[PDB]
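Next comes run13.cif, with mmCIF, N, CA and C atoms.
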```
data_model
loop_
_atom_site.group_PDB
_atom_site.id
_atom_site.type_symbol
_atom_site.label_atom_id
_atom_site.label_comp_id
_atom_site.auth_asym_id
_atom_site.auth_seq_id
_atom_site.Cartn_x
_atom_site.Cartn_y
_atom_site.Cartn_z
ATOM 1 N N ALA A 1 -68.270 86.288 284.249
ATOM 2 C CA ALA A 1 -69.394 85.467 283.798
ATOM 3 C C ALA A 1 -69.138 83.993 284.117
ATOM 4 N N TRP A 2 -68.779 83.729 285.372
ATOM 5 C CA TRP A 2 -68.427 82.377 285.809
ATOM 6 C C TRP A 2 -69.577 81.394 285.604
ATOM 7 N N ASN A 3 -69.241 80.110 285.574
ATOM 8 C CA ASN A 3 -70.226 79.057 285.357
ATOM 9 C C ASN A 3 -70.652 78.457 286.691
ATOM 10 N N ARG A 4 -71.943 78.576 286.980
ATOM 11 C CA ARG A 4 -72.551 77.993 288.163
ATOM 12 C C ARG A 4 -73.185 76.654 287.791
ATOM 13 N N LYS A 5 -72.829 75.610 288.537
ATOM 14 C CA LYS A 5 -73.321 74.261 288.285
ATOM 15 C C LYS A 5 -73.936 73.697 289.561
ATOM 16 N N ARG A 6 -74.475 72.486 289.451
ATOM 17 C CA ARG A 6 -75.188 71.849 290.550
ATOM 18 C C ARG A 6 -74.663 70.441 290.727
ATOM 19 N N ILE A 7 -74.245 70.119 291.945
ATOM 20 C CA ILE A 7 -73.883 68.752 292.302
ATOM 21 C C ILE A 7 -74.944 68.256 293.272
ATOM 22 N N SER A 8 -75.754 67.293 292.858
ATOM 23 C CA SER A 8 -76.839 66.812 293.722
ATOM 24 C C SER A 8 -77.017 65.310 293.622
ATOM 25 N N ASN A 9 -77.098 64.676 294.783
ATOM 26 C CA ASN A 9 -77.462 63.259 294.924
ATOM 27 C C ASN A 9 -76.485 62.354 294.200
ATOM 28 N N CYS A 10 -75.236 62.495 294.643
ATOM 29 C CA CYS A 10 -74.076 61.717 294.198
ATOM 30 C C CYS A 10 -72.974 61.896 295.239
ATOM 31 N N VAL A 11 -71.840 61.265 294.987
ATOM 32 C CA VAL A 11 -70.812 61.112 295.996
ATOM 33 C C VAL A 11 -69.499 61.660 295.471
ATOM 34 N N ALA A 12 -68.885 62.530 296.269
ATOM 35 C CA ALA A 12 -67.608 63.149 295.949
ATOM 36 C C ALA A 12 -66.450 62.363 296.549
ATOM 37 N N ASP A 13 -65.269 62.985 296.572
ATOM 38 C CA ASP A 13 -64.069 62.403 297.159
ATOM 39 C C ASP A 13 -62.993 63.478 297.222
ATOM 40 N N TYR A 14 -61.967 63.237 298.032
ATOM 41 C CA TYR A 14 -60.793 64.091 298.109
ATOM 42 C C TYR A 14 -59.508 63.420 297.585
ATOM 43 N N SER A 15 -59.392 62.110 297.738
ATOM 44 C CA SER A 15 -58.197 61.383 297.305
ATOM 45 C C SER A 15 -57.957 61.420 295.795
ATOM 46 N N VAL A 16 -58.973 61.816 295.034
ATOM 47 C CA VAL A 16 -58.853 61.946 293.587
ATOM 48 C C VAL A 16 -58.609 63.389 293.172
ATOM 49 N N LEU A 17 -58.076 64.186 294.096
ATOM 50 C CA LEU A 17 -57.752 65.584 293.815
ATOM 51 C C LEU A 17 -56.250 65.840 293.632
ATOM 52 N N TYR A 18 -55.427 65.274 294.521
ATOM 53 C CA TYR A 18 -53.973 65.523 294.501
ATOM 54 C C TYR A 18 -53.019 64.432 293.966
ATOM 55 N N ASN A 19 -53.522 63.297 293.499
ATOM 56 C CA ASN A 19 -52.640 62.276 293.010
ATOM 57 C C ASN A 19 -52.328 62.624 291.575
ATOM 58 N N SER A 20 -51.130 63.219 291.436
ATOM 59 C CA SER A 20 -50.525 63.953 290.283
ATOM 60 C C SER A 20 -51.232 65.183 289.725
ATOM 61 N N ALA A 21 -52.247 65.664 290.437
ATOM 62 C CA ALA A 21 -52.926 66.917 290.075
ATOM 63 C C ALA A 21 -51.990 68.122 290.221
ATOM 64 N N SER A 22 -51.328 68.206 291.380
ATOM 65 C CA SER A 22 -50.286 69.193 291.679
ATOM 66 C C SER A 22 -50.770 70.587 291.325
ATOM 67 N N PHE A 23 -51.938 70.925 291.839
ATOM 68 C CA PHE A 23 -52.543 72.185 291.462
ATOM 69 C C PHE A 23 -51.827 73.338 292.181
ATOM 70 N N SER A 24 -52.180 74.575 291.837
ATOM 71 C CA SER A 24 -51.513 75.736 292.433
ATOM 72 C C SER A 24 -51.744 75.805 293.942
ATOM 73 N N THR A 25 -53.006 75.923 294.346
ATOM 74 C CA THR A 25 -53.346 76.068 295.751
ATOM 75 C C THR A 25 -54.603 75.265 296.064
ATOM 76 N N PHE A 26 -54.500 74.369 297.046
ATOM 77 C CA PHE A 26 -55.646 73.628 297.565
ATOM 78 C C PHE A 26 -55.778 73.928 299.051
ATOM 79 N N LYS A 27 -56.923 74.475 299.442
ATOM 80 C CA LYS A 27 -57.188 74.798 300.839
ATOM 81 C C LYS A 27 -58.685 74.869 301.086
ATOM 82 N N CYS A 28 -59.065 74.786 302.354
ATOM 83 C CA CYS A 28 -60.468 74.844 302.751
ATOM 84 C C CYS A 28 -60.603 75.655 304.026
ATOM 85 N N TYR A 29 -61.786 76.226 304.220
ATOM 86 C CA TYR A 29 -62.056 77.116 305.335
ATOM 87 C C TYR A 29 -63.112 76.516 306.252
ATOM 88 N N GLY A 30 -62.807 76.523 307.549
ATOM 89 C CA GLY A 30 -63.701 76.012 308.582
ATOM 90 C C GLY A 30 -63.666 74.511 308.784
ATOM 91 N N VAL A 31 -62.832 73.821 308.008
ATOM 92 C CA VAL A 31 -62.677 72.372 308.097
ATOM 93 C C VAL A 31 -61.413 71.978 307.326
ATOM 94 N N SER A 32 -60.687 71.000 307.824
ATOM 95 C CA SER A 32 -59.506 70.491 307.145
ATOM 96 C C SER A 32 -59.875 69.815 305.824
ATOM 97 N N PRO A 33 -59.209 70.188 304.713
ATOM 98 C CA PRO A 33 -59.456 69.521 303.425
ATOM 99 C C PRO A 33 -59.169 68.009 303.438
ATOM 100 N N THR A 34 -58.366 67.545 304.384
ATOM 101 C CA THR A 34 -58.025 66.128 304.446
ATOM 102 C C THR A 34 -59.224 65.254 304.788
ATOM 103 N N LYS A 35 -60.122 65.787 305.611
ATOM 104 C CA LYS A 35 -61.281 65.037 306.092
ATOM 105 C C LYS A 35 -62.582 65.406 305.362
ATOM 106 N N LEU A 36 -62.477 65.693 304.062
ATOM 107 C CA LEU A 36 -63.659 65.891 303.211
ATOM 108 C C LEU A 36 -64.528 64.631 303.161
ATOM 109 N N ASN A 37 -63.894 63.476 303.374
ATOM 110 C CA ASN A 37 -64.569 62.199 303.297
ATOM 111 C C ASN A 37 -65.666 62.031 304.349
ATOM 112 N N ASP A 38 -65.315 62.280 305.608
ATOM 113 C CA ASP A 38 -66.221 62.000 306.718
ATOM 114 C C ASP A 38 -67.374 62.996 306.783
ATOM 115 N N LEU A 39 -67.095 64.249 306.430
ATOM 116 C CA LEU A 39 -68.123 65.283 306.442
ATOM 117 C C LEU A 39 -69.187 64.988 305.390
ATOM 118 N N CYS A 40 -70.397 65.475 305.643
ATOM 119 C CA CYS A 40 -71.550 65.228 304.802
ATOM 120 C C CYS A 40 -72.275 66.563 304.581
ATOM 121 N N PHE A 41 -72.179 67.055 303.348
ATOM 122 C CA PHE A 41 -72.830 68.307 302.932
ATOM 123 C C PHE A 41 -74.239 68.084 302.407
ATOM 124 N N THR A 42 -74.807 69.112 301.785
ATOM 125 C CA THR A 42 -76.133 69.073 301.171
ATOM 126 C C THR A 42 -76.225 70.190 300.127
ATOM 127 N N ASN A 43 -76.737 69.841 298.943
ATOM 128 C CA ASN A 43 -76.963 70.770 297.829
ATOM 129 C C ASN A 43 -75.678 71.524 297.468
ATOM 130 N N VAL A 44 -74.705 70.762 296.981
ATOM 131 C CA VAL A 44 -73.395 71.282 296.609
ATOM 132 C C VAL A 44 -73.485 71.983 295.247
ATOM 133 N N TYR A 45 -73.049 73.236 295.217
ATOM 134 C CA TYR A 45 -72.914 74.000 293.977
ATOM 135 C C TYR A 45 -71.508 73.857 293.402
ATOM 136 N N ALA A 46 -71.358 74.257 292.144
ATOM 137 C CA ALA A 46 -70.062 74.260 291.477
ATOM 138 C C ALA A 46 -69.931 75.518 290.625
ATOM 139 N N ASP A 47 -69.030 76.404 291.038
ATOM 140 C CA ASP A 47 -68.746 77.643 290.319
ATOM 141 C C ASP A 47 -67.295 77.644 289.854
ATOM 142 N N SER A 48 -67.092 77.971 288.580
ATOM 143 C CA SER A 48 -65.767 77.919 287.970
ATOM 144 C C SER A 48 -65.580 79.087 287.020
ATOM 145 N N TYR B 1 -95.605 71.859 279.685
ATOM 146 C CA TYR B 1 -94.894 72.938 280.357
ATOM 147 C C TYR B 1 -94.262 73.870 279.346
ATOM 148 N N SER B 2 -93.857 75.044 279.821
ATOM 149 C CA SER B 2 -93.170 76.013 278.971
ATOM 150 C C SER B 2 -91.670 75.702 278.888
ATOM 151 N N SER B 3 -90.981 75.756 280.029
ATOM 152 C CA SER B 3 -89.537 75.474 280.120
ATOM 153 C C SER B 3 -89.163 75.254 281.587
ATOM 154 N N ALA B 4 -87.872 75.140 281.884
ATOM 155 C CA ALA B 4 -87.405 74.992 283.269
ATOM 156 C C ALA B 4 -86.299 75.999 283.607
ATOM 157 N N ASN B 5 -86.555 76.867 284.588
ATOM 158 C CA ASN B 5 -85.586 77.901 284.992
ATOM 159 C C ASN B 5 -84.320 77.382 285.700
ATOM 160 N N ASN B 6 -84.503 76.433 286.613
ATOM 161 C CA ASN B 6 -83.420 75.827 287.393
ATOM 162 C C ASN B 6 -83.874 74.434 287.833
ATOM 163 N N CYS B 7 -82.985 73.560 288.289
ATOM 164 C CA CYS B 7 -83.451 72.204 288.626
ATOM 165 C C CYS B 7 -82.493 71.531 289.599
ATOM 166 N N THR B 8 -82.890 71.510 290.869
ATOM 167 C CA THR B 8 -82.116 70.993 291.980
ATOM 168 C C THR B 8 -82.031 69.477 292.061
ATOM 169 N N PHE B 9 -82.787 68.780 291.209
ATOM 170 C CA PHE B 9 -82.858 67.332 291.225
ATOM 171 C C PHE B 9 -83.458 66.873 289.908
ATOM 172 N N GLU B 10 -82.815 65.866 289.326
ATOM 173 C CA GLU B 10 -83.324 65.201 288.152
ATOM 174 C C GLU B 10 -83.145 63.757 288.244
ATOM 175 N N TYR B 11 -83.942 63.100 287.460
ATOM 176 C CA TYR B 11 -84.189 61.768 287.862
ATOM 177 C C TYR B 11 -84.890 60.895 286.865
ATOM 178 N N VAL B 12 -84.413 59.655 286.800
ATOM 179 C CA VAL B 12 -85.015 58.597 285.998
ATOM 180 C C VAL B 12 -85.086 57.349 286.880
ATOM 181 N N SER B 13 -86.237 56.678 286.872
ATOM 182 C CA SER B 13 -86.442 55.473 287.677
ATOM 183 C C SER B 13 -86.067 54.216 286.891
ATOM 184 N N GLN B 14 -86.433 53.055 287.426
ATOM 185 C CA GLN B 14 -86.071 51.782 286.818
ATOM 186 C C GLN B 14 -86.885 51.510 285.543
ATOM 187 N N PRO B 15 -86.296 50.771 284.588
ATOM 188 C CA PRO B 15 -87.049 50.425 283.395
ATOM 189 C C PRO B 15 -88.141 49.399 283.669
ATOM 190 N N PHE B 16 -89.200 49.516 282.871
ATOM 191 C CA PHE B 16 -90.400 48.656 282.871
ATOM 192 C C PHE B 16 -91.151 48.912 281.557
ATOM 193 N N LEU B 17 -92.198 48.137 281.277
ATOM 194 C CA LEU B 17 -92.933 48.267 280.005
ATOM 195 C C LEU B 17 -94.448 48.452 280.137
ATOM 196 N N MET B 18 -95.045 48.996 279.075
ATOM 197 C CA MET B 18 -96.461 49.361 279.041
ATOM 198 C C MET B 18 -97.148 48.695 277.849
ATOM 199 N N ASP B 19 -98.450 48.456 277.996
ATOM 200 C CA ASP B 19 -99.261 47.774 276.978
ATOM 201 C C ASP B 19 -99.581 48.638 275.743
ATOM 202 N N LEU B 20 -99.893 49.914 275.979
ATOM 203 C CA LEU B 20 -100.212 50.908 274.929
ATOM 204 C C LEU B 20 -101.371 50.533 273.992
ATOM 205 N N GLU B 21 -102.432 49.979 274.574
ATOM 206 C CA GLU B 21 -103.604 49.538 273.809
ATOM 207 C C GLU B 21 -104.842 50.386 274.105
ATOM 208 N N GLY B 22 -105.499 50.837 273.040
ATOM 209 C CA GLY B 22 -106.692 51.660 273.132
ATOM 210 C C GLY B 22 -108.004 50.904 273.121
ATOM 211 N N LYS B 23 -107.939 49.577 273.104
ATOM 212 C CA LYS B 23 -109.156 48.769 273.010
ATOM 213 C C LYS B 23 -110.053 48.937 274.239
ATOM 214 N N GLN B 24 -111.359 49.006 273.996
ATOM 215 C CA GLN B 24 -112.342 49.195 275.060
ATOM 216 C C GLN B 24 -112.547 47.985 275.967
ATOM 217 N N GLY B 25 -112.879 48.264 277.230
ATOM 218 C CA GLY B 25 -113.087 47.210 278.224
ATOM 219 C C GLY B 25 -113.002 47.594 279.690
ATOM 220 N N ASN B 26 -113.393 46.635 280.518
ATOM 221 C CA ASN B 26 -113.246 46.744 281.957
ATOM 222 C C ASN B 26 -111.772 46.816 282.344
ATOM 223 N N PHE B 27 -111.518 47.484 283.458
ATOM 224 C CA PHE B 27 -110.168 47.685 283.959
ATOM 225 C C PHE B 27 -109.574 46.366 284.431
ATOM 226 N N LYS B 28 -108.715 45.792 283.592
ATOM 227 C CA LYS B 28 -108.095 44.503 283.850
ATOM 228 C C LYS B 28 -107.031 44.535 284.940
ATOM 229 N N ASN B 29 -106.563 45.728 285.302
ATOM 230 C CA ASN B 29 -105.492 45.869 286.281
ATOM 231 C C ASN B 29 -105.878 46.842 287.396
ATOM 232 N N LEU B 30 -104.931 47.106 288.292
ATOM 233 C CA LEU B 30 -105.119 48.077 289.357
ATOM 234 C C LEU B 30 -103.772 48.661 289.759
ATOM 235 N N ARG B 31 -103.778 49.937 290.123
ATOM 236 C CA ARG B 31 -102.567 50.643 290.532
ATOM 237 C C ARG B 31 -102.853 51.480 291.773
ATOM 238 N N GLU B 32 -101.954 51.411 292.753
ATOM 239 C CA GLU B 32 -102.067 52.207 293.979
ATOM 240 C C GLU B 32 -100.763 52.936 294.245
ATOM 241 N N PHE B 33 -100.874 54.150 294.777
ATOM 242 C CA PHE B 33 -99.716 54.961 295.132
ATOM 243 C C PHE B 33 -99.997 55.749 296.395
ATOM 244 N N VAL B 34 -98.973 55.879 297.238
ATOM 245 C CA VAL B 34 -99.053 56.703 298.439
ATOM 246 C C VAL B 34 -97.906 57.714 298.405
ATOM 247 N N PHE B 35 -98.199 58.920 297.937
ATOM 248 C CA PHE B 35 -97.219 60.001 297.965
ATOM 249 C C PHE B 35 -97.150 60.579 299.369
ATOM 250 N N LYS B 36 -95.957 60.886 299.844
ATOM 251 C CA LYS B 36 -95.838 61.466 301.175
ATOM 252 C C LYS B 36 -94.553 62.232 301.321
ATOM 253 N N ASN B 37 -94.540 63.173 302.252
ATOM 254 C CA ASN B 37 -93.349 63.945 302.526
ATOM 255 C C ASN B 37 -93.115 63.970 304.027
ATOM 256 N N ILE B 38 -91.975 63.446 304.465
ATOM 257 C CA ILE B 38 -91.638 63.438 305.886
ATOM 258 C C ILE B 38 -90.259 64.017 306.085
ATOM 259 N N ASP B 39 -90.157 64.942 307.031
ATOM 260 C CA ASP B 39 -88.901 65.625 307.401
ATOM 261 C C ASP B 39 -88.021 66.094 306.223
ATOM 262 N N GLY B 40 -88.658 66.662 305.203
ATOM 263 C CA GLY B 40 -87.946 67.201 304.041
ATOM 264 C C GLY B 40 -87.536 66.207 302.965
ATOM 265 N N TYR B 41 -87.917 64.938 303.088
ATOM 266 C CA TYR B 41 -87.566 63.953 302.063
ATOM 267 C C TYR B 41 -88.812 63.347 301.452
ATOM 268 N N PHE B 42 -88.913 63.410 300.131
ATOM 269 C CA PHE B 42 -90.055 62.817 299.460
ATOM 270 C C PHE B 42 -89.938 61.300 299.365
ATOM 271 N N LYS B 43 -91.081 60.641 299.255
ATOM 272 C CA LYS B 43 -91.154 59.168 299.140
ATOM 273 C C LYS B 43 -92.423 58.784 298.373
ATOM 274 N N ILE B 44 -92.425 57.599 297.768
ATOM 275 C CA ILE B 44 -93.608 57.077 297.071
ATOM 276 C C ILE B 44 -93.686 55.551 297.282
ATOM 277 N N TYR B 45 -94.905 55.018 297.299
ATOM 278 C CA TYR B 45 -95.119 53.575 297.434
ATOM 279 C C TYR B 45 -96.107 53.119 296.372
ATOM 280 N N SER B 46 -96.037 51.842 295.992
ATOM 281 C CA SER B 46 -96.912 51.316 294.932
ATOM 282 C C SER B 46 -97.193 49.831 295.016
ATOM 283 N N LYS B 47 -98.225 49.391 294.310
ATOM 284 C CA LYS B 47 -98.512 47.976 294.189
ATOM 285 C C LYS B 47 -99.364 47.757 292.960
ATOM 286 N N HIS B 48 -99.179 46.621 292.299
ATOM 287 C CA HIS B 48 -99.986 46.289 291.138
ATOM 288 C C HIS B 48 -100.863 45.111 291.506
#
```
Any chance you could give the structure as structure tokens?
Amino acid sequence: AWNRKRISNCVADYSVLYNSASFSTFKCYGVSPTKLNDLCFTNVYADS
Amino acid sequence: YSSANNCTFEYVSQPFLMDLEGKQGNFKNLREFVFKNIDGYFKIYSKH
């Protein structure tokens, strides 16, 4: 019963993910997670 | 309305104020709007 959320018309970042976060596994498919900044998505969902 | 099932965009514009007077009379003001949709992005224009 995961939670589906909506990220719309705002700005994300990647540099605020790993500075002392030290999470278990961070990875991305079809694009390097390092360059999340330059890429530009549309209608980002959030499932947790 | 009844309720809202889902909502891909929500929004509040800039603050401004209203007269809120029921007194009878000729229209002392004027308002114009041009609603339009181009290439998937909504827009609006106005003048007082």
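Interatomic distance, atom N of residue 10 of chain A to atom CA of residue 2 of chain B: 27.4 Å.
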Got a sec to resolve the PyMOL selection byres ((chain A and name CA) within 9 of (chain B and name CA)) on this structure and send the residues as an MDAnalysis selection string?
chainID A and resid 6:9 43
Keeping N, CA and C atoms, export the residues of the selection given above as a short mmCIF file (atom, residue, chain, number, x, y, z; two decimals), in the coordinates of the input.
```cif
data_model
loop_
_atom_site.label_atom_id
_atom_site.label_comp_id
_atom_site.auth_asym_id
_atom_site.auth_seq_id
_atom_site.Cartn_x
_atom_site.Cartn_y
_atom_site.Cartn_z
N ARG A 6 -74.47 72.49 289.45
CA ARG A 6 -75.19 71.85 290.55
C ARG A 6 -74.66 70.44 290.73
N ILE A 7 -74.24 70.12 291.94
CA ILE A 7 -73.88 68.75 292.30
C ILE A 7 -74.94 68.26 293.27
N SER A 8 -75.75 67.29 292.86
CA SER A 8 -76.84 66.81 293.72
C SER A 8 -77.02 65.31 293.62
N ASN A 9 -77.10 64.68 294.78
CA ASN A 9 -77.46 63.26 294.92
C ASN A 9 -76.48 62.35 294.20
N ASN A 43 -76.74 69.84 298.94
CA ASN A 43 -76.96 70.77 297.83
C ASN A 43 -75.68 71.52 297.47
#
```
Could you please determine the separation between atom C of residue 45 of chain B and atom CA of residue 31 of chain B in Å, to one decimal place?
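Computing the Euclidean distance for atom C of residue 45 of chain B and atom CA of residue 31 of chain B yields 9.1 Å.
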Looking only at the backbone, which of the residues in chain A does DSSP tag as strand (DSSP E or B), as a list in words?
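The strand (DSSP E or B) residues within chain A come out as residues 4, 5, 6, 7, 44, 45, 46 and 47 of chain A.
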If the PyMOL selection byres ((chain B and resi 48) around 5) is run on the structure shown, which residues does it catch, given as number ranges by chain?
B: 30, 46-47
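Interatomic distance, atom C of residue 36 of chain A against atom CA of residue 13 of chain B: 28.4 Å.
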List, as a ChimeraX atom specification, every residue that the PyMOL selection byres ((chain A and resi 37) around 8) selects in the file provided.
/A:12-15,32-36,38-40
Please rebuild segment 28-39 of chain A with N, CA, C and O atoms and give the result as a short mmCIF file (atom, residue, chain, number, x, y, z; two decimals), keeping the file's coordinate frame.
```
data_model
loop_
_atom_site.label_atom_id
_atom_site.label_comp_id
_atom_site.auth_asym_id
_atom_site.auth_seq_id
_atom_site.Cartn_x
_atom_site.Cartn_y
_atom_site.Cartn_z
N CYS A 28 -59.06 74.79 302.35
CA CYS A 28 -60.47 74.84 302.75
C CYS A 28 -60.60 75.66 304.03
O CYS A 28 -59.66 75.75 304.81
N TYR A 29 -61.79 76.23 304.22
CA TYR A 29 -62.06 77.12 305.33
C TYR A 29 -63.11 76.52 306.25
O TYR A 29 -64.16 76.05 305.79
N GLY A 30 -62.81 76.52 307.55
CA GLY A 30 -63.70 76.01 308.58
C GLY A 30 -63.67 74.51 308.78
O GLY A 30 -64.38 73.99 309.64
N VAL A 31 -62.83 73.82 308.01
CA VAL A 31 -62.68 72.37 308.10
C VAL A 31 -61.41 71.98 307.33
O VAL A 31 -61.08 72.59 306.32
N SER A 32 -60.69 71.00 307.82
CA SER A 32 -59.51 70.49 307.14
C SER A 32 -59.88 69.82 305.82
O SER A 32 -60.77 68.98 305.81
N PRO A 33 -59.21 70.19 304.71
CA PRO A 33 -59.46 69.52 303.42
C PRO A 33 -59.17 68.01 303.44
O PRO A 33 -59.71 67.29 302.60
N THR A 34 -58.37 67.54 304.38
CA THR A 34 -58.02 66.13 304.45
C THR A 34 -59.22 65.25 304.79
O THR A 34 -59.34 64.14 304.30
N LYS A 35 -60.12 65.79 305.61
CA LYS A 35 -61.28 65.04 306.09
C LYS A 35 -62.58 65.41 305.36
O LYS A 35 -63.66 65.40 305.96
N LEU A 36 -62.48 65.69 304.06
CA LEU A 36 -63.66 65.89 303.21
C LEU A 36 -64.53 64.63 303.16
O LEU A 36 -65.74 64.71 302.92
N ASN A 37 -63.89 63.48 303.37
CA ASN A 37 -64.57 62.20 303.30
C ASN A 37 -65.67 62.03 304.35
O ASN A 37 -66.81 61.69 304.00
N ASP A 38 -65.32 62.28 305.61
CA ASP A 38 -66.22 62.00 306.72
C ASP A 38 -67.37 63.00 306.78
O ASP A 38 -68.50 62.62 307.13
N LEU A 39 -67.10 64.25 306.43
CA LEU A 39 -68.12 65.28 306.44
C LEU A 39 -69.19 64.99 305.39
O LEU A 39 -68.90 64.32 304.40
#
```
